[PDB]
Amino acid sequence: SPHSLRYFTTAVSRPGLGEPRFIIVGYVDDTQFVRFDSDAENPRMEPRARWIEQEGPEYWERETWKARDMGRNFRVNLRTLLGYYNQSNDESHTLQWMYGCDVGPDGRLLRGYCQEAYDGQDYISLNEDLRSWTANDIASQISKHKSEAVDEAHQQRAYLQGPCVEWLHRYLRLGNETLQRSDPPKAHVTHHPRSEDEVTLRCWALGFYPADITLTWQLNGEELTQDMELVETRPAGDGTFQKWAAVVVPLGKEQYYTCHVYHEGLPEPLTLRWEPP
């Protein structure tokens, strides 16, 4: 299977206070499993899935200190970028950092990531070759030059090809029962009058893992409709996901429309239509 380990890091400078708000969330696939928050009563690296609670206190001690060390680096980097851009201290800015590895079914590395954004726009990113960088303006050009001079690429490449892959393998073994599973969706269509001559048909998918899913609607014999109301796939809160797709159809011609549901846990799609009570 395709599997990924990713860490999402956000630092938010505070005008008036000196220490920024620092958040790290860790994900295997779509399942979050660790968290660090600056603004906790005692800022520690904490479990967010029960299967990571299989790690001894040395794991939690190393990860807490490294999270804490990262926060001190992200405080400095935020100060560096304040000067690069000639900005003032009485306004808030953010530095975001995503990194981690996609591994394939054989368990070999497919893509590694190490990318950052300032104020939510691309800043610097590590290229797919894991050896060169892409910058986006004058300021990231300086950062890129700094990083070329200290061979930052080979330090990140080392992480992504080694520990990221090996740690991902360990987590997939600790959380095998919940991470290496496919829960197919359960699906139905609901019916809601929208006007006099019209009706809203909504195709529900519920209770599925992983998160990736596709819903299509079509008028039978016609190509798929792009004219469609979608919601973002959303978490149920229990580890599964939900989604719906809606379409507005003429009163009386409901049964001429068909929903399809595609998911990794479905050898064939589900095929649903409105079924009157």
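All residue numbers refer to positions in the sequence shown, first residue = 1.
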Next item on the list: Look up the CA B-factors in the entry and say which stretch, 192 to 200 or 179 to 187, has the higher mean.
Entry: 192 to 200
Next item on the list: May I ask you to compare 33 to 41 and 208 to 216 by their mean CA B factor in the entry and name the higher one?
Entry: 33 to 41
Next item on the list: For the C-alpha B-factor as written in the entry, point me to the maximum among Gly112, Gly83, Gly120, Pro105.
Entry: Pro105
Check: Within this chain, which third does the Cα B-factor at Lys243 fall in: lowest, middle or highest?
Finding: lowest
Check: Looking at the C-alpha B-factor of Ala149, is it in the lowest, middle or highest third of its chain?
Finding: highest
Notebook entry, point to check: By its CA B factor, does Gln141 count among the lowest, middle or highest third of the modelled residues in the chain?
Noted result: lowest
Notebook entry, point to check: Which third, lowest, middle or highest, does the CA B-factor of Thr134 fall in along this chain?
Noted result: lowest
Checklist line | Among modelled residues of the same chain, the CA temperature factor third for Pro269 | finding: lowest
